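See below for the structure under consideration.
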Amino acid sequence: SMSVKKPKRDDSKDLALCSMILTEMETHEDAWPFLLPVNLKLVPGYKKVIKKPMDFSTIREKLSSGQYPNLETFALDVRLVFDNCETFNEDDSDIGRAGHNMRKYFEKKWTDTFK
């Protein structure tokens, strides 16, 4: 509350460290469905169904240009990638599977870097 603060968690390395995680997600072999925005002209259904498209290249631009206020907002957009994937793709499909793999991969790096 006013003039009453929890001790200050050091957040000065958070930018760099999100950048590293994002690089590791960009280079994973199952990243291919998530590297670029889904083409809304060429994928029927996507535009109407997926209210908030996200992908790695959009995250990278946001990151690089100070559009994440903190590490949680960055995690939210990475998890949105995978939520969108689960919304649109059957679990038993290459893309469906890729999204589950990448989410597991991300969640582990997140815990090991920050928790």
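With this note's numbering, you'll find the sequence shown wraps up at 191, consecutive numbering, no jumps. All residues carry an ideal CB built from backbone N, CA and C; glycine is no exception.
6 Å Cβ shell around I126 - same chain, five flanking residues per side excluded: In the sequence shown, counting from the first residue as 1, residue 126 sits at position 50. Taken in chain order, the residues that qualify are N160.
From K123 to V114, what does the alpha carbon distance come to, in whole angstroms? Counting from one through the sequence shown, the residue named residue 123 turns up at place 47. Counting from one through the sequence shown, the residue named residue 114 turns up at place 38. For the pair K123 and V114, the Cα-to-Cα distance works out to about 9 Å.
State buried or exposed for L98, treating a residue as buried only when at least 16 other CB atoms are found within 10 Å of its CB. Mapped onto the sequence shown, residue 98 falls at position 22. Looking at its Cβ environment, which holds 16 or more other Cβ atoms inside 10 Å, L98 is buried.
On a CA-only basis, which of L116, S140, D86 is nearest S95? Give me that one, please. In the sequence shown, counting from the first residue as 1, residue 95 sits at position 19. Per the C-alpha coordinates, the member of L116, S140, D86 positioned closest to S95 is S140.
Curious, which full-length alpha helix (DSSP H) runs of at least 4 residues does the stretch 102-130 contain? Counting only runs of 4 or more, we get 122-125.
So for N177, helix, strand or coil by DSSP? Here the question's residue 177 lines up with position 101 in the sequence shown. Residue state, collapsed to three classes: helix.
Measure the beta-carbon distance from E162 to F132 and round it to whole angstroms, keeping in mind my assumption that it falls under 8 Å. By 1-based counting over the sequence shown, the position of residue 162 is 86. By 1-based counting over the sequence shown, the position of residue 132 is 56. Actually they are not in contact, since the Cβ atoms of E162 and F132 sit about 17 Å apart, beyond 8 Å.
For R85, which of helix, strand or coil comes out of DSSP? Numbered from its first residue, the sequence shown carries residue 85 at position 9. It is coil, neither helix nor strand.
From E137 to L152, what distance separates their C-alpha atoms? Position 61 of the sequence shown, counting from 1, holds the residue named residue 137. Position 76 of the sequence shown, counting from 1, holds the residue named residue 152. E137 and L152: Cα-Cα distance of roughly 15 Å.
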